[PDB]
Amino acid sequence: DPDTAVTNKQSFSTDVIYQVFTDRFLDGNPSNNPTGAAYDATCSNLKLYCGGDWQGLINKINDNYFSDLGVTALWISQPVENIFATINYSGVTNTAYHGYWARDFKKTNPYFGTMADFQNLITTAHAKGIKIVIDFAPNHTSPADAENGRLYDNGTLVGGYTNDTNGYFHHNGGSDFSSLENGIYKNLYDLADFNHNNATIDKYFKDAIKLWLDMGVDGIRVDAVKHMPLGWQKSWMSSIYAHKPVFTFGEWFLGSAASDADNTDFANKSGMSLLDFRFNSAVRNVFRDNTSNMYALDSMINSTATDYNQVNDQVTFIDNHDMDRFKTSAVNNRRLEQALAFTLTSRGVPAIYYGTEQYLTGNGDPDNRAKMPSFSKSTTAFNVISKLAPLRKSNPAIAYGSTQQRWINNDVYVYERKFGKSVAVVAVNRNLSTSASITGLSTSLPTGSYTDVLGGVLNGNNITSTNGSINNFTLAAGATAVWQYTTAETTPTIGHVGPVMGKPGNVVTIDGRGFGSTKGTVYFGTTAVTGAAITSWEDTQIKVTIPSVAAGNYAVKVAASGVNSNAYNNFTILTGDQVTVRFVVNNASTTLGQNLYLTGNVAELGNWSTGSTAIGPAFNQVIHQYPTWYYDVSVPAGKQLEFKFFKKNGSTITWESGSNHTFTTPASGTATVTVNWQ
């Protein structure tokens, strides 16, 4: 199957994601709409249910609204049963229309549809080459008070937030958001926090997602990743990747293109991507708010490409469920159109929040979750997506391409996306009133005459190369032209690998060009993977079995016909199955600004390193207070580990003295190991 094929659940780079609040799209079946106050036909009270369902989505798929738009994957609201009750925050009746207040992760939300409806929707999407991505919010249940934040395991009850004897939840009050630990271990407002170190919860959630992947979901958009321990998440991911690997991204909110240490961290160590708020901010500051210029935009591109191990897996967007719509009264259509184009031709997996093609407005929650107004295919923005979306599939330079600043200034940007012998050039002039005389533009386009892929719908123009040298031209006011160049690759050149972390035995997908149809050999580091280990092999996609080599960070290489492909770095190989173990050290007092890390005899703790590979810095305030620190780590299961803490501050490392501490991990689930600092 090609990298392109709907089948490719491990890579979304060639797709376009359509984010849609299920309830706010189409009530394709009235026979399942809420009754009474908890419902509102008009859908004027955005806080109540409006009727949207899975049949509605099915209908749109079937009349090619999506197929005409160009979107290749739907991102739906969480499908699980949510609380049936209603909460009255400040006199206003609030419903769980959003999907985010789960009560039974093992049952479908009746208001969206049934299990068979869901199955019906998973089959109809694949038939048209559309993938389905789902929201999964394992952080918490529903707001305490609605239903005492109860959780049912497929009907049967697990426990409520109150008189929670076995401790399935956290009872440390709610997060004031003053630190990463305060956000992880304390509730989100009234949202009942689950205690993941609790083993039945750890297993409830591995068992839950398993069910959904089993039914055919193609990707999972995890919610509130900054509110759950990394260690746990990673372990959960290894469970998923070991069963049915699927593209997983999470939401870790940021408020700028500004780099963030914990953000970049999670993005490179959890085993899942993030939503690109750094990008979003720059895309909005330049195109929307007029608070930064093309420089800011370019500066973001280089920096993100530099911070994230695999920038191509981040998920770009111009707006979403947690912000003001891109469109407002001062923002004009061309500007929306420009942001879309910029995003569709950009690096990463892009997502369009529902109704952007219909210029929908709505500032803040919930006005930005208005009902889908039209199914019009005429808008210019609708046009732009249909034109461009298809390119991610046809041109691999858009999909896996690098980015090169080829001409820039305050209003004008011309960047280059190139992968192997393929290219795409994109010129953007955010100035709505004055055009720009471009002189001395240089690209990698072979000599020839190029026609703006956008047929001029965004005042685009044609160009002419002369061995990369483009002839002098004028870029009209508010223009944006795209000129590409494609050809058959003849050299194994790796474009993606999914997932990027796993234990030996798992199956990974390598996407790219020029692999030929004759099984060569894979290279996990310096270890050739051949023959039967290579489950599948064709020009654009090779499915290969992760060899059983020492856990660690490898680079992947595909050698087709003796020619070695380029190397895909930072591919993480696990020791084996994981379990989440909480490490607690006592009397581990420190000096001002001195911190506590952890490392031991397995790649998962960092193989005795004191660097960027050691676990930490351990927490010291919510679950355990200073001088006791603690930190939840993903760690090989069943195996006996040796570990040791260490304080680190200026540059100087002080290891605990005496022998190494020891712990033989549990064969499954979770565990806690307490130790005294030596």
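Numbers for residues come from their place in the sequence shown, where the first is 1.
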item: 471 to 479 versus 244 to 252 - which carries the larger mean C-alpha B factor in the record; value: 471 to 479
item: 412 to 420 set against 364 to 372, stretch whose average Cα temperature factor tops the other in the entry; value: 412 to 420
item: Residue, from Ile623, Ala614, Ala38, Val633, that the PDB entry assigns the highest Cα B-factor; value: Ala38
item: Largest Cα B-factor, entry values, listed residues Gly99, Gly505, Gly167, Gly271; value: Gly505
item: Where the record places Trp608 (Cα B-factor, split into thirds across the chain); value: middle
item: Third of the chain's Cα B-factor distribution that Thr7 belongs to, per the entry; value: highest
item: Assigned third (lowest, middle, highest) for the C-alpha B factor of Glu81; value: middle
item: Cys50 CA temperature factor, ranked by third within the chain; value: middle
item: CA B-factor placement of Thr22, once the chain's modelled residues are sorted into thirds; value: lowest
